[PDB]
Each structure stands twice: as structure tokens, then as C-alpha cells.
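Student: Contents are JSON, C-alpha atoms; file name upload.json:
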[["chain", "number", "residue", "atom", "x", "y", "z"],
["A", 1, "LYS", "CA", -25.23, 2.90, 19.93],
["A", 2, "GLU", "CA", -21.65, 3.59, 21.08],
["A", 3, "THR", "CA", -19.32, 2.72, 18.14],
["A", 4, "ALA", "CA", -16.59, 0.07, 18.55],
["A", 5, "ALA", "CA", -13.90, 2.76, 18.16],
["A", 6, "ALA", "CA", -15.56, 4.91, 20.86],
["A", 7, "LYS", "CA", -15.83, 1.87, 23.17],
["A", 8, "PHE", "CA", -12.05, 1.26, 22.82],
["A", 9, "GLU", "CA", -11.32, 4.89, 23.83],
["A", 10, "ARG", "CA", -13.65, 4.56, 26.91],
["A", 11, "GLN", "CA", -12.27, 1.23, 28.08],
["A", 12, "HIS", "CA", -8.55, 1.72, 27.32],
["A", 13, "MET", "CA", -7.32, 5.28, 26.70],
["A", 14, "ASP", "CA", -6.03, 7.63, 29.46],
["A", 15, "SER", "CA", -3.77, 10.26, 27.91],
["A", 16, "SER", "CA", -4.22, 12.67, 30.92],
["A", 17, "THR", "CA", -1.60, 10.93, 33.13],
["A", 18, "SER", "CA", 1.85, 9.64, 32.09],
["A", 19, "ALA", "CA", 1.85, 6.76, 34.62],
["A", 20, "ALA", "CA", -0.32, 5.17, 37.36],
["A", 21, "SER", "CA", -1.36, 8.25, 39.35],
["A", 22, "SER", "CA", -1.57, 6.58, 42.76],
["A", 23, "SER", "CA", -2.49, 3.38, 44.60],
["A", 24, "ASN", "CA", -6.11, 4.56, 44.17],
["A", 25, "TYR", "CA", -5.95, 4.86, 40.32],
["A", 26, "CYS", "CA", -7.67, 1.58, 39.26],
["A", 27, "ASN", "CA", -10.47, 1.90, 41.85],
["A", 28, "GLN", "CA", -11.32, 5.39, 40.56],
["A", 29, "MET", "CA", -10.93, 4.71, 36.82],
["A", 30, "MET", "CA", -12.71, 1.31, 36.59],
["A", 31, "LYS", "CA", -15.78, 2.97, 38.17],
["A", 32, "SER", "CA", -15.70, 6.29, 36.20],
["A", 33, "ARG", "CA", -15.39, 4.54, 32.82],
["A", 34, "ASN", "CA", -18.46, 2.39, 33.71],
["A", 35, "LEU", "CA", -16.57, -0.91, 33.83],
["A", 36, "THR", "CA", -18.14, -1.94, 37.16],
["A", 37, "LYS", "CA", -21.82, -1.34, 36.24],
["A", 38, "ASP", "CA", -23.11, -4.88, 35.51],
["A", 39, "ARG", "CA", -20.28, -6.80, 37.29],
["A", 40, "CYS", "CA", -16.67, -6.21, 38.39],
["A", 41, "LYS", "CA", -14.67, -6.54, 35.15],
["A", 42, "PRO", "CA", -11.82, -8.76, 36.42],
["A", 43, "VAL", "CA", -8.91, -7.31, 34.35],
["A", 44, "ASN", "CA", -8.37, -4.17, 32.23],
["A", 45, "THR", "CA", -5.47, -2.16, 30.77],
["A", 46, "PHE", "CA", -5.24, 1.67, 30.30],
["A", 47, "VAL", "CA", -2.70, 3.19, 27.88],
["A", 48, "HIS", "CA", -1.03, 6.56, 28.69],
["A", 49, "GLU", "CA", -0.12, 7.74, 25.18],
["A", 50, "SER", "CA", -1.70, 10.12, 22.67],
["A", 51, "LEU", "CA", -4.65, 8.85, 20.62],
["A", 52, "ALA", "CA", -2.65, 9.42, 17.42],
["A", 53, "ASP", "CA", 0.24, 7.20, 18.63],
["A", 54, "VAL", "CA", -2.15, 4.34, 19.57],
["A", 55, "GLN", "CA", -4.08, 4.58, 16.23],
["A", 56, "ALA", "CA", -0.71, 4.32, 14.39],
["A", 57, "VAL", "CA", -0.26, 0.80, 15.82],
["A", 58, "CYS", "CA", -2.74, -0.46, 13.14],
["A", 59, "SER", "CA", 0.08, 0.09, 10.58],
["A", 60, "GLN", "CA", 2.82, -1.64, 12.61],
["A", 61, "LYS", "CA", 3.73, -5.36, 13.17],
["A", 62, "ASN", "CA", 0.99, -7.81, 12.08],
["A", 63, "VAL", "CA", 0.63, -10.75, 14.56],
["A", 64, "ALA", "CA", -1.97, -13.44, 15.34],
["A", 65, "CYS", "CA", -4.70, -12.47, 17.85],
["A", 66, "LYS", "CA", -5.31, -14.79, 20.89],
["A", 67, "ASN", "CA", -8.68, -15.80, 19.33],
["A", 68, "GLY", "CA", -7.00, -16.95, 16.09],
["A", 69, "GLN", "CA", -8.05, -13.99, 13.93],
["A", 70, "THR", "CA", -5.23, -12.26, 11.97],
["A", 71, "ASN", "CA", -6.15, -8.55, 12.46],
["A", 72, "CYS", "CA", -3.83, -7.86, 15.46],
["A", 73, "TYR", "CA", -0.86, -5.48, 15.53],
["A", 74, "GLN", "CA", 2.08, -5.11, 17.94],
["A", 75, "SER", "CA", 3.69, -1.67, 18.67],
["A", 76, "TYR", "CA", 7.39, -1.30, 17.66],
["A", 77, "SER", "CA", 8.08, 0.92, 20.67],
["A", 78, "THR", "CA", 7.19, 0.36, 24.33],
["A", 79, "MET", "CA", 4.27, 2.40, 25.76],
["A", 80, "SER", "CA", 3.27, 3.47, 29.26],
["A", 81, "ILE", "CA", 0.43, 1.25, 30.57],
["A", 82, "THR", "CA", -1.51, 0.57, 33.77],
["A", 83, "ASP", "CA", -2.92, -2.94, 34.49],
["A", 84, "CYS", "CA", -5.97, -3.21, 36.79],
["A", 85, "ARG", "CA", -6.61, -6.56, 38.43],
["A", 86, "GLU", "CA", -9.48, -7.58, 40.75],
["A", 87, "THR", "CA", -8.36, -8.16, 44.40],
["A", 88, "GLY", "CA", -9.45, -10.96, 46.76],
["A", 89, "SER", "CA", -11.57, -8.65, 48.95],
["A", 90, "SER", "CA", -13.51, -7.42, 45.89],
["A", 91, "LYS", "CA", -17.27, -8.12, 46.00],
["A", 92, "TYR", "CA", -19.87, -6.55, 43.66],
["A", 93, "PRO", "CA", -21.07, -3.78, 43.86],
["A", 94, "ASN", "CA", -17.93, -2.76, 45.83],
["A", 95, "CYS", "CA", -15.33, -3.66, 43.23],
["A", 96, "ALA", "CA", -11.68, -3.36, 44.26],
["A", 97, "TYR", "CA", -8.48, -3.35, 42.21],
["A", 98, "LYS", "CA", -4.68, -3.46, 42.47],
["A", 99, "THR", "CA", -2.86, -0.85, 40.32],
["A", 100, "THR", "CA", 0.32, -1.89, 38.43],
["A", 101, "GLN", "CA", 2.34, 0.42, 36.14],
["A", 102, "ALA", "CA", 4.61, -0.97, 33.36],
["A", 103, "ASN", "CA", 6.29, -0.05, 30.04],
["A", 104, "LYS", "CA", 5.50, -2.73, 27.48],
["A", 105, "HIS", "CA", 4.66, -3.29, 23.79],
["A", 106, "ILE", "CA", 0.88, -3.30, 23.17],
["A", 107, "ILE", "CA", -1.12, -5.65, 20.88],
["A", 108, "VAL", "CA", -4.50, -4.31, 19.55],
["A", 109, "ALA", "CA", -7.10, -5.62, 17.01],
["A", 110, "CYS", "CA", -8.03, -3.15, 14.22],
["A", 111, "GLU", "CA", -11.13, -2.89, 11.94],
["A", 112, "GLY", "CA", -13.01, -0.41, 9.76],
["A", 113, "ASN", "CA", -12.58, 2.41, 7.30],
["A", 114, "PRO", "CA", -10.78, 4.29, 8.70],
["A", 115, "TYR", "CA", -8.77, 1.37, 10.16],
["A", 116, "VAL", "CA", -8.64, 1.96, 13.94],
["A", 117, "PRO", "CA", -8.17, 0.03, 17.21],
["A", 118, "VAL", "CA", -11.32, -1.81, 18.41],
["A", 119, "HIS", "CA", -10.02, -4.30, 21.08],
["A", 120, "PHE", "CA", -6.99, -4.60, 23.37],
["A", 121, "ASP", "CA", -5.44, -8.09, 23.03],
["A", 122, "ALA", "CA", -2.25, -8.25, 25.16],
["A", 123, "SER", "CA", 0.93, -6.57, 26.33],
["A", 124, "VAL", "CA", 4.42, -8.07, 25.85]]
Represent the structure contained in this file as C-alpha cells.
Tutor:
Amino acid sequence: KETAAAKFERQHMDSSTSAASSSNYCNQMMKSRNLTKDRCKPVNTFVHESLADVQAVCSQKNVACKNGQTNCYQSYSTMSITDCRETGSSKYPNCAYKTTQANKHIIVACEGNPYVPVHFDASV
């Protein structure tokens, strides 16, 4: 099966652009990363930084995860992100999204040996 680390890269990493390409970005990316296959995933974040810089977050500020686990880490620096949020007109299988670009600190959950990001928790 797809590993947890590989799943994080598919769902959340987009190092090819530095910021939300266009108004069409979320529509294109949610579909191409297979996040609209079984349903319209209602919310998702993509991070526009190098893989190395995102993996380094697992050695930064330890904080509580939203689920109460203690394996979450917050980035010291801000990072370029794009939030995708399901619009009102959206109806499966024709999923539709609004694209919003921001610069925020990211919070990720880490696991494994090597210790790497496995889930995206929040941005602040």
C-alpha cells in the first residue's frame, strides 16, 4: 500500500509553484491528486516549500495536536500555502473549490524512523 509519508506528499506538497497559480488552481489540483475520487474532500491545504524544509518541521516547536495526541510540531518561520475549500455550487462528481493563498505557520503530525510528516493539522 501507499505509505503514510507518501500519502502526505500526495495530499499536501506542491513545490512546483511558489503561490496559488490561478483562480483555477484548487479545481485542477484536488482532482489530479485523487482527492475527489470517492467524494469531494471538503477542505485541503497545499504547501509551496521544498520537501526538505517541510520535513525539518518535525524538529521544531512541539505543540498539542487537535485530536489530543502530542506528536505535532509548529514551523518557526511562515510558509507559502494554498487553502482549498468546497464551494456552494459543488456537487459530486463535479467538485468545485475556492482558491486562497496565504503565508502562515504550519502544524504537522510526525511519526516513524525516519521521523517525517504524516498528517497536516492546522495553519496559524
Student: Looking at A:43, A:5, A:35, A:122, which one is nearest to residue 99 (chain A), with distances taken over all atoms listed in the file?
Tutor: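 Smallest distance to residue 99 (chain A) is found for A:43.
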Student: I need the residue nearest residue 60 (chain A) from this list: A:84, A:47, A:102, A:72. Use all atoms listed in the file for the distance.
Tutor: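 Closest to residue 60 (chain A), using all atoms listed in the file: A:72.
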Student: Which residues are close to residue 44 (chain A), i.e. within 8 Å by only C-alpha atoms, leaving aside same-chain residues fewer than 3 positions away? Reply as a list in words.
Tutor: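 After dropping sequence-adjacent residues, the list is residues 11, 12, 41, 83, 84 and 85 of chain A.
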Student: Give as a list in words each residue that has an atom at most 7 Å from (0.2, -4.7, 17.4) in the file, counting only C-alpha atoms.
Tutor: residues 57, 58, 60, 61, 62, 63, 72, 73, 74, 75, 106, 107 and 108 of chain A
Student: Store the residues of this selection in a file with C-alpha atoms, as a JSON list (two decimals), in the frame of the given file.
Tutor:
[["chain", "number", "residue", "atom", "x", "y", "z"],
["A", 57, "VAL", "CA", -0.26, 0.80, 15.82],
["A", 58, "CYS", "CA", -2.74, -0.46, 13.14],
["A", 60, "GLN", "CA", 2.82, -1.64, 12.61],
["A", 61, "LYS", "CA", 3.73, -5.36, 13.17],
["A", 62, "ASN", "CA", 0.99, -7.81, 12.08],
["A", 63, "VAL", "CA", 0.63, -10.75, 14.56],
["A", 72, "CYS", "CA", -3.83, -7.86, 15.46],
["A", 73, "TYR", "CA", -0.86, -5.48, 15.53],
["A", 74, "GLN", "CA", 2.08, -5.11, 17.94],
["A", 75, "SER", "CA", 3.69, -1.67, 18.67],
["A", 106, "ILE", "CA", 0.88, -3.30, 23.17],
["A", 107, "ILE", "CA", -1.12, -5.65, 20.88],
["A", 108, "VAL", "CA", -4.50, -4.31, 19.55]]
Student: What's the separation between CA of residue 109 (chain A) and CA of residue 30 (chain A), in Å to one decimal place?
Tutor: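 CA of residue 30 (chain A) lies at a distance of 21.5 Å from CA of residue 109 (chain A).
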Student: Skip residue 6 (chain A) itself and residues of its chain fewer than 5 positions away, then list as a PyMOL selection string all residues within 12 Å of it, counting only C-alpha atoms.
Tutor: chain A and resi 1+11-13+33+51+116-119
Student: Which of these residues is nearest to residue 17 (chain A), using all atoms listed in the file: A:101, A:67, A:77, A:32?
Tutor: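 Closest residue, counting all atoms listed in the file: A:101.
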Student: Can you list, as a ChimeraX atom specification, every protein, DNA or RNA residue that comes within 9 Å of residue 115 (chain A) when you count all atoms listed in the file, leaving out same-chain residues fewer than 4 positions away?
Tutor: /A:55,58-59,110-111
Student: Nearest to residue 69 (chain A): which of A:98, A:15, A:8, A:121 is it, counting all atoms listed in the file?
Tutor: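 Looking at the shortest contact to residue 69 (chain A), the residue is A:121.
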Student: For CA of residue 81 (chain A) and CA of residue 28 (chain A), determine how far apart the two atoms are, in Å to one decimal place.
Tutor: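 Answer for the CA of residue 81 (chain A) to CA of residue 28 (chain A) separation: 16.0 Å.
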Student: Take CA of residue 124 (chain A) and CA of residue 105 (chain A) and report the distance between them in Å, one decimal.
Tutor: 5.2 Å
Student: Taking all atoms listed in the file into account, which of A:76, A:86, A:9, A:50 comes nearest residue 27 (chain A)?
Tutor: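 Checking each candidate against residue 27 (chain A), we get A:86 as the closest.
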